[PDB]
Every structure is written in structure tokens, then in C-alpha cells.
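Take a look at this single chain, the form deposited in one PDB entry, given in C-alpha cells.
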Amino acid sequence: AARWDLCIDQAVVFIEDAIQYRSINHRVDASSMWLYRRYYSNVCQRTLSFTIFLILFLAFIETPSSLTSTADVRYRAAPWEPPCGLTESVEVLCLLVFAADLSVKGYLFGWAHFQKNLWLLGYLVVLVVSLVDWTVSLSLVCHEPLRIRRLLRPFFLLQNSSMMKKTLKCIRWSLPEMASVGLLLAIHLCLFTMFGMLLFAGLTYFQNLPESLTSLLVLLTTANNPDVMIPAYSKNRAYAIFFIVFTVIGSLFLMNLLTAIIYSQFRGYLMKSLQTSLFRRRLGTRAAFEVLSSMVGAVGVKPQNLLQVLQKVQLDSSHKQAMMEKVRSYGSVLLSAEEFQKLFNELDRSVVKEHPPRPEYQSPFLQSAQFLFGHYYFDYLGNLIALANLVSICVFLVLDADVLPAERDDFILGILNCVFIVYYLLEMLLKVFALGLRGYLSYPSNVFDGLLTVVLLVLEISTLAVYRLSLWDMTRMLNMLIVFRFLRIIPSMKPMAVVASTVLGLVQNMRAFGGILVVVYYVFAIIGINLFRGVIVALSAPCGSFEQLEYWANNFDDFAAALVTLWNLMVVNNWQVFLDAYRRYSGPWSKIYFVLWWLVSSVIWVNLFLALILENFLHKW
């Protein structure tokens, strides 16, 4: 009766959790299965991810207000400051929907699970501190300059995903060894700065403790490699040995040793993911069987209740129909535990179709089309005119560049661009009138060249409507999107398939890695605005300074300028110049900030990138 219905909804939600690899640790009530099935629907989780993007996007429209044409200090516009309430309004709107997500996730799980899970307790702590800071910053009329509630904003991105949580555990185990290597690195610097100060000061670089300690720190990342040993190596040829040995021990041996420590915890990363996901699938279907054999009742289940329980799940139609036809043909005998676990192993095959074409009225007309459609060179006739188009844009690009840069002939360019895009629209039209509209949507390559033929047709016709033959600007935009045709050649990779397999493997596994990149940049940019906001002003410089080189755009005035400044220090080149600038402008203790950014970003994250490419290249072979 009522227990009959409740075991159905118990067994629907268990199979649905066995497809999408979720654990079974939630309470089972009457109404809770409606709440659980609606919360894990894709329409509810998409607004949750859209919120997390909206929270992190608001740092572009805050009070420093990175909405400017440029980011120089010598010449830029006024900062558009918003009114008092709008950025406060959107933030408390999204902080409401984060409270709703926690309250649903606490209701669906146990209180004993709620007190033990550290991620849920940290979620409640961050929500109340962000709300306290919101009321404080609104009790004043938007006049608290530094807001702590923006620092906790990357925590919502971490708590939503699971691949970020797995990778942070992998860095947690590597930290006992990387500390010991960094200790050996600190011994390395302090010994050679005392050996250096005895040897040379007895330079421009070796004259003090903090000046000599910086010079060997910057040489450790080889940012001034010939510069730091010009005055030594010009006095005697033997002082080259001192700087050669420092960067063989330092940059070669110990920085590459630090990569291999991080790889040694990511060494079996993907195979643990398949073993855990298969273990979650087998536990889901077993719990579905064990509640279905105990409906009204040898051991086993009735297949009539199986037809009532595979009806109301979300699954592919090909997987739904093939599974239902197997169990329809099976008899009324009870299905054992082993027969149940083999039944749900039709979730391993993948089904692909493209489409069939449509028949025309004139039978010789459709015959002449399809015979001359399946040539396997009709596309290569498209590829021949594609290569012919790209070589023409290049060969005129060297012609218009060097000589007569003001006013050029530009006669035959419009002719070739006429005949090439006319050929593209015909190949667009002949393929749909052979296959069909749904058949042309079936191939993902054909969407790319079909859309590009459209946009090239709009820009060409508008070019031929203004003139007959800003003229240079329209031929600029026309030539730039023509070079996108060369991204049809690269989808033809027959011999070198390991490279194309790898780039497919990386982009499907960038949810974890980009998540840690975003969290690291978001914290360090926001600290940097609070420390170096207006410390660079401008109104015969030394030839290697921050001012001779016109580095005025690398400041921390707002959030967009901070992200590009922090990028230029991540690649380590010329970061001696940034250290010398902020030492002069914002005191001597600012070097703690740039050295910490070198550790978190350049050392750990780049070696975290190489470890992930090593694992995704070495998979199944």
C-alpha cells in the first residue's frame, strides 16, 4: 500500500544516485525525496554555479572600479564610482542563496554528519562573517575601505566542486617534503651570501645583507643571469665558477627536485577516480536491489516493480530502451543479486548517430548530388581553397608592411576575397541541399565552418555596400577572421594522435586546476589593492629602471590592473625591476609580498601544472 509506494521512490533515488556517482548517506523521509530530487536537478545546480560566478565578478565593479580604457598612471580616465547601495544589494542577494543552499544541504543530511563534516562548518562560519562585515560596511555609508568579506569569496568556489577538494588533499600530503627542500634552499642562500660577501666586497650587488640576499634570491630563478656576474667575471675568469655552481645546485637540482615531490602524490590520480566511481556505482545498485527485494517479501525481485522503477529515472533514451527490452524479455522468475549487478552494466557502452539524409523529388537529381557528395575530396576541395586563401592573406601582408605604409594600391585583395567567400557560401548551400538542415547540424566541424561563412558574408557584403572597388579597418577585421579558416586544417590529425588525445584530456580535467588558479589569483590581487593602491605616481632615469622602461601600467590601482601585474610576476622575467620599484615607493618590507607570490604561483602552481600533464599523458598506456 503506502509502503509499496515508498520503496519505489527509495529505489528511484538510489539508481539515480548510482548513475551520477553520488554517495548514499542521506536520510529517507516522504517529502525529502522530492527535495533531494529537485535539488540535484540540473536547473537548480546551474543557478548555484551562476551565483558563484556572479560573486567573483563583482570585484570588477567595486570602488576601485576597473572600467577604464587604459591602466597607465601617466594618462587614464576618471574612476567611475558606483552609488552606495548597488554592489551591496547584489552581494546580499547572492548571500541569501548561499544560505538557502546550506540549509537544504543540512536538512538532507544528518545532524551528526553536519557536526562532523568540516566543509559544512566552515561554510557556516564564512557566511556569518561575510554577513557581519556586510552590516558593518553598510552601517557606515560605504566608507570602510578594506573589506574582509571579499577575501572569503573564493571559499564558495572551493566548496561547490569536488575535484578541487581532491587536489587540495594531494598537496596536503606533499607539504612535509617540500618544507624540507625549502629548508635546504634556505641553507643554500645564506651560505653563499656570506661566501659572496667575503669574496666580492673585500659590487653593485654585494654590499650589505639585504642587498646581497636579494641578488642571490633573484639569481635562483635566473632573472638576472649575465647581469649579476659582469663585474666579477670582468676582473678574473675564475669568478664564473662561483655563479655556475650556484645555479646548478639552486635552479637545476633543487627546483626540479621540487617538481618530482608533487608528482609523487599525483602519480595514480586518475585510476583512483575510476576505482572510487565504480565503487560508488556498485553500492548504489546493491542498495536499490536490497530495498526492492524487501517490498512485500527465495531471494530476488519482481521485474514488474523493475518496470515501475526504471520508468521514472533520468537516463539516455538509448540506455533506457536497451535496458527495458532486456528486462521485458526476461521471465517472471525472481532476479538474483548477481543478475541485478550485471543488469546495470549497460551503462558502459556509448551510442553515436549522426543522421540519415532526405530524398528529393527528381531521382536523377538526387543521384547526381549524393554520388558527387561522397568523394572524400569535396571537403579537400574546400581544404585546397582554404590553403589558397590563407597563403594569399600572408603574401600580401609582407607586401603592405615594409614599403609605402601610408597609402597602398589594394586592388586584387577584394577580388580574391570576393571569389573565396562566394565559394564558401556555395559549399554551405550545396551541403544542406544534399544532406539537410538537421544533417548539417549533426557535424560539429560543419557548425564551425558554416558559422564562419555566415560572418564572412556579412562583413564582405557590408564592405561592398560602403565602397565599390575606415576602409583599412574593415579590411583589417575581414582579414583577421579569414585566418580562422586555418583552424580547419588542425582537425585533420592522422599520424600524431597522442598530442590531440592529450589536449582533449587536459581540458576535461581543468576543473580542478583552474579552480586553484582562480583562488590563488583572487586572494593575492585583493591583498595587493589594500597595500599598494596609490603608491605609484608619475609627473633622465637609470637605464634599467621601472621608469626608463615604461612600466607604468603594472600597478595595483584596481582589479583588472592587479591581475595583469600578478601575471607578469608569475612568469619570472624582469621581476628584479618590480622588486626595486616597490622598495623605493612603498618601503623596504614589501618584498615579503612578492616573494610569497613567487612561492605560491611560480613554484607550486607551475609544478602542479607539469604534474597534471604528466598524468594525463600517461593514461591507459
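Numbers for residues come from their place in the sequence shown, where the first is 1. C-alpha atoms forming the largest set that superposes within 1.5 Å between two forms make up the rigid core.
Same protein, other form: the form deposited in another entry, not shown, and the subject of what follows.
Only one of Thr247, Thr475, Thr502, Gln159 has its Cα shifted by 2 Å or more between the shown form and the other one after fitting on the core, and that residue is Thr475. Core-aligned CA deviation for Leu93 between the shown form and the other one: less than 2 Å. Once both forms are fitted on their core, the CA shift for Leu118 between the shown form and the other one remains under 2 Å. With the core superposed, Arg485 shows a C-alpha displacement of at least 2 Å between the shown form and the other one. Relative to this form, in that other deposited form the C-alpha atoms of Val499 and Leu487 approach one another by 3 angstroms or more. One change in that other deposited form concerns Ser392 and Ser492, whose Cα atoms lie at least 3 Å farther apart than in this form.
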